[PDB]
Structure formats: structure tokens, C-alpha cells
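Single-structure report; data block below.
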Amino acid sequence: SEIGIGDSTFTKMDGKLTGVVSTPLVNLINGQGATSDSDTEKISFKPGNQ
Amino acid sequence: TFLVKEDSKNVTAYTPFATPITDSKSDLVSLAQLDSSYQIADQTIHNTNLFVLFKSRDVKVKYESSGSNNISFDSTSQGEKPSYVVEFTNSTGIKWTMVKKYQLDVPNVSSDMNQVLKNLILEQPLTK
């Protein structure tokens with residue numbers, strides 16, 4: 001492992017793996033697990049009426 | 001922003017998109033430190049401040065042909081309710097605060113004026 005020759009670690013995934021949907025923020029297998037993003041939930045625009 | 005007279009005492013502010021501003025409905029009669037018998041007669045905007053005329057439904061005035069003080073409020077009948085003009089301003093939304101309060105006292109009567117008044121007669125108002 002010190003020379004860079006080794007075994008890959010494996011994470012089990014339920015169901016049938018077909019692809020991945022990768023954005024500059026997220027990589028979702030089969031496009032599952034899409035969230036609102038907790039950081040920007042407290043930031044919004046002032047409505048035009050007010 | 002626009003101002004709207006909701007009733008005889010309250011004023012609500014509205015945005016340029018025709019939406020009301022929340023917690024803007026102000027009772028100007030109360031804010032002007034005037035009792036329930038008072039209602040807003042006229043409003044105007046000068047400088048940036050709101051100028052409001054108030055007049056009571058409980059006002060009672062007297063005319064006595066004798067003396068020096070011929071015209072006066074009927075204090076004895078709980079009608080000593082003179083009119084007032086109040087200047088209001090924004091300390092903020094819209095929060096009104098009283099600047100100046102001016103009372104409208106009864107007219108002064110001269111001996112020369114009182115000689116006419118003594119026998120002055122008036123025709124009942126024209127109606128619809």
C-alpha cells in the first residue's frame with residue numbers, strides 16, 4: 001500500500017446499479033438522494049410586492 | 001408607499017404593488033392622544049410628514065349676548081371638545097409618532113362684532 005499497489009474498498013448498494021448523476025456538488029447513484037441543501041435554506045429574496 | 005383611511009380613525013399603508021404593509025393599521029385618533037368622539041376630518045402630506053385634522057361628534061359651543069367672551073365651549077355639557085391638527089412622522093415598515101399638536105380655539109368677539117351677532121339670524125342649511 002506504501003508503493004501504491006493494493007485492494008479497492010467496497011461499499012454495498014441496494015438494487016440494480018445503472019449509472020450516476022454527477023453535478024459539481026453531488027454524485028447520486030441512479031439519481032437518488034437529492035436534498036434541499038442545508039446551507040442556503042436561510043437565504044432568500046425580498047418579495048417584489050414589499 | 002401609499003396611505004389608506006380604513007375608517008373614521010385608522011390609516012393603513014400600502015406598497016406600490018397594491019399590497020398592504022403588515023402592522024401599519026394605525027389609530028391616529030389614539031396616537032394623537034384624543035378620545036373616541038374624535039374622527040379624522042382631513043389629511044395632507046407636507047414636508048414628508050402627515051398632517052391630520054380631527055373633529056369631535058361631542059362638541060357643544062354657546063353664544064351669550066352679554067359679557068366679553070361671547071362665543072365659548074359648553075363646558076357644563078361635556079362638549080369642551082375643540083378641533084385639533086396633528087403632525088405625524090415615521091420613526092422606522094411604517095410606525096407613526098406625533099410631532100406637534102395644535103388646538104383650534106373658538107373666535108374672539110369684539111363689542112362691535114357682538115352688536116351684530118346679538119341679532120344675527122341664520123337660515124337652516126340646504127339639503128339634498
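The chains in the C-alpha cells are called A, B, ... from first to last as shown; in each chain the residues are counted from 1, and the ligands are counted from 1 in the order shown.
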(request) Give me, as an MDAnalysis selection string, the contact residues of chain B against chain A at a cut-off of 7 Å, counting only C-alpha atoms. (result) chainID B and resid 15 17 19
Could those selected residues go to a file with N, CA, C and O atoms, as a PDB file, in the first residue's frame?
```pdb
ATOM      1  N   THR B  15     -48.024  49.267  -0.319  1.00  0.00           N
ATOM      2  CA  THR B  15     -46.823  49.297  -1.151  1.00  0.00           C
ATOM      3  C   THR B  15     -47.176  49.690  -2.598  1.00  0.00           C
ATOM      4  O   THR B  15     -48.349  49.633  -2.956  1.00  0.00           O
ATOM      5  N   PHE B  17     -47.105  47.972  -5.177  1.00  0.00           N
ATOM      6  CA  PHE B  17     -47.643  46.786  -5.861  1.00  0.00           C
ATOM      7  C   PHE B  17     -49.071  46.448  -5.423  1.00  0.00           C
ATOM      8  O   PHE B  17     -49.579  45.375  -5.757  1.00  0.00           O
ATOM      9  N   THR B  19     -50.132  45.972  -2.344  1.00  0.00           N
ATOM     10  CA  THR B  19     -50.151  45.051  -1.205  1.00  0.00           C
ATOM     11  C   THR B  19     -50.079  45.850   0.107  1.00  0.00           C
ATOM     12  O   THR B  19     -49.339  46.838   0.174  1.00  0.00           O
TER      13      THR B  19
END
```
(message) Give me the residues near residue 23 in chain B as JSON, numbers by chain, where near means some atom within 10 Å (using only C-alpha atoms) and where sequence neighbours in that chain fewer than 6 positions away do not count.
(response) {"B": [12, 13, 93, 94, 95]}
If you keep N, CA and C atoms, can you produce a file of those selected residues as a compact mmCIF listing (two decimals), in the first residue's frame?
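Written output follows (again38.txt):
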```txt
# COMPACT_ATOMS: atom_id res chain seq x y z
N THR B 12 -54.07 52.71 7.06
CA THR B 12 -53.22 51.60 6.61
C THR B 12 -52.35 51.99 5.42
N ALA B 13 -51.08 51.58 5.46
CA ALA B 13 -50.13 51.83 4.39
C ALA B 13 -50.01 50.65 3.42
N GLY B 93 -40.82 49.14 7.91
CA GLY B 93 -42.26 49.32 7.86
C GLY B 93 -42.69 50.75 8.09
N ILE B 94 -43.91 50.96 8.65
CA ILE B 94 -44.44 52.30 8.98
C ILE B 94 -44.89 52.35 10.44
N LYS B 95 -44.21 53.21 11.23
CA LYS B 95 -44.50 53.49 12.63
C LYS B 95 -44.71 54.99 12.75
```
(request) Just the strand (DSSP E or B) stuff from chain A, please, per backbone DSSP, written as JSON, numbers by chain. (result) {"A": [20, 21, 22, 27, 28, 29]}
(message) I'd like the neighbourhood of range 68-78 of chain B as a ChimeraX atom specification, where a residue qualifies if any of its atoms comes within 10 Å (using only C-alpha atoms), though same-chain residues fewer than 2 positions away should be ignored.
(response) /B:58-66,80-82,105-111,113-114,117-118
(request) Could you find all residues in range 1-127 of chain B that DSSP calls helix (DSSP H, G or I) from the backbone, and write them as a VMD selection string? (result) chain B and resid 28 to 31 75 to 77 111 to 117
(message) Nearest residue to residue 9 in chain B out of B:127, B:46, B:102, B:54, using only C-alpha atoms?
(response)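 For residue 9 in chain B, the nearest of the given residues is B:54.
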